[PDB]
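**Q** So I've got this experimental structure, pasted below with the sequence.
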Amino acid sequence: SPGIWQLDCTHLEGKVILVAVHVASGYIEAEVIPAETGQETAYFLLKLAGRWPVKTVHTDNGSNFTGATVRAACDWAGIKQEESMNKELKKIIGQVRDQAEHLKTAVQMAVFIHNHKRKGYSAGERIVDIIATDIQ
Amino acid sequence: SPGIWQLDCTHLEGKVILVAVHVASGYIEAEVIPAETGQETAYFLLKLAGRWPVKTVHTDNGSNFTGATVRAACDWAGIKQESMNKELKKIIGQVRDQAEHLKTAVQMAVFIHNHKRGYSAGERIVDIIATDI
Ligand SMILES: OC[C@@H]1COc2ccccc2C1
Ligand SMILES: OC[C@@H]1COc2ccccc2C1
Ligand SMILES: [Cl-]
Ligand SMILES: [Cl-]
């Protein structure tokens, strides 16, 4: 389904990365966040939902999903709750880590490479095709 | 034209907001940044280009575009530098009180702008890009 995303966390270098995958396409949005808290998780969900039509997010249901602020953000945005990438994404982060001072910039180089890679169609072309198909 | 974006800056509450508009659809990505510098601008362009197929960005050509780091980010990403805004500050206005931080109001405003509807800016951008594919 076009509105279904999976959010997972991954840790690198003492920092927390949130990785959202659009399940049907393999497109990703990812960010380094200062801490895995309710407030940061809510803000990430708000940003994601402002950019793509997010109906359902599959999460690990952990501690940063149980609070008032996340619940409020999901409610406000119209979002409901209901494997390879974390490792591949880390592999690309690995490949590019030295070219940037900051982990955040390496992570965004990795999002770029992941979504443009053509192995065919890229994940970028796949997401837009599946959503344009749904609108029509 | 599907790969053409316009980036501008706007200032509110002592902070700097970067607003990228996909010119053919009116779809926006926007962020609050800690300063209008070469490094923050290059990182914003890198994020944008990893999410949407950005071929050309129209900028104001100011100081934060003249440096080594922006030039490098645009080169690396394949970007060249050859209405949907005033509304934004007005939506930020409407939602400002519901968020402690300006950043969260700006992202409420991006959501509202892109979802408002016979098509939203979100539907228009995906229609335009799917067609070009
Ligand atoms: O009422 C929830 C709104 C919209 O989403 C967020 C996200 C993070 C922090 C605050 C809020 C307020
Ligand atoms: O060498 C350019 C790359 C890709 O983009 C950015 C953006 C900000 C800072 C460094 C870099 C490295
Ligand atoms: Cl998480
Ligand atoms: Cl600017």
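**A** Perfect, I can see it now. Numbers count the residues shown, from 1 in each chain, chains lettered A, B, ... in the order given. Ligands and ions are numbered 1, 2, ... in the order given.
**Q** so residue A:7 bridges to which residues?
**A** With DSSP bridges applied, residue A:7 shows beta-bridge pairing to residue A:20.
**Q** Alongside ligand 2, which residues does chain A contribute?
**A** Residues of chain A lying near ligand 2 by Cβ under 6 Å from any ligand atom: A:99-100, A:105, A:109. (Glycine included, C-beta is placed from N, CA and C.)
**Q** And those residues, which is closest to chain B?
**A** residue A:105 (6.0 Å; Cβ to the nearest Cβ).
**Q** Name the SS class of residue A:101, please.
**A** What DSSP: H, G, I helix; E, B strand; the rest coil gives for residue A:101 is coil.
**Q** number of nearby residues for it?
**A** 10 (other Cβ atoms under 10 Å in any protein chain shown).
**Q** residues in contact with it?
**A** Contact analysis of residue A:101 by Cβ atoms under 8 Å, 6 or more residues apart in numbering or on different chains lists nothing.
**Q** again, 10 Å this time
**A** B:39, B:69 (Cβ atoms under 10 Å, 6 or more residues apart in numbering or on different chains).
**Q** try the one 3 residues further on
**A** Residues in contact with residue A:104, defined by Cβ under 10 Å, 6+ apart, are A:15, A:17, A:30-33, B:43, B:46-47.
**Q** Residue A:25 too?
**A** Residue A:25 touches A:2, A:115, A:121-131, counting by Cβ under 10 Å, 6+ apart.
**Q** And for residue A:12?
**A** A:32, A:89-90, A:93-94, A:97, A:103, A:106-107.
**Q** what two of those residues have the greatest distance between them?
**A** A:32 and A:94 (15.3 Å; Cβ to Cβ).
**Q** backbone phi and psi for residue A:5, please?
**A** Phi and psi for residue A:5, reported as degrees, to the nearest 10, are phi -130, psi 150.
**Q** Please tell me I have it right and it contacts residue A:80.
**A** No: the pair residue A:5 and residue A:80 does not pass the contact test of Cβ atoms under 10 Å, sitting 11.0 Å apart.
**Q** about what we covered before: which of the contacts of residue A:25 are buried, as a PyMOL select command?
**A** Only the buried entries of those go into this PyMOL selection, using 16 or more other Cβ atoms under 10 Å in any protein chain shown:
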select buried, chain A and resi 2+115+122+123+124+125+126+127+128+129+130+131
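**Q** Now do the buried residues in the helix or strand harbouring residue A:108.
**A** Assessed by DSSP states H and E, residue A:108 sits inside helix A:103-116. For helix A:103-116, burial by neighbour count (16+ other Cβ under 10 Å) applies to A:103-112, A:114-116.
**Q** which residue is nearest the middle of chain A?
**A** Centroid check for chain A by Cα atoms, centre = their mean gives residue A:20 as the closest residue, at 1.8 Å.
**Q** Where do the helices of chain A begin and end?
**A** Assigned by DSSP state H, chain A shows helices spanning A:38-51, A:68-77, A:84-96, A:103-116, A:123-135.
**Q** Not including adjacent chain positions, what is the nearest residue to residue A:126?
**A** Sequence neighbours aside, residue A:25 is the residue nearest to residue A:126 in space, at 3.8 Å (criterion: Cβ to Cβ, 6 or more residues apart in numbering or on different chains).
**Q** Burial check on residue A:32, number of neighbours?
**A** Based on other Cβ under 10 Å, the number of other residues close to residue A:32 is 17.
**Q** Show me the beta-bridge partners of it.
**A** residue A:17.
**Q** Just to check, it is in contact with residue A:100?
**A** No: judged on Cβ under 10 Å, residue A:32 makes no contact with residue A:100 at a distance of 11.6 Å.
**Q** between those two, what contacts are shared?
**A** Shared contacts of residue A:32 and residue A:100, counting by Cβ under 10 Å, 6+ apart, come down to A:106-108.
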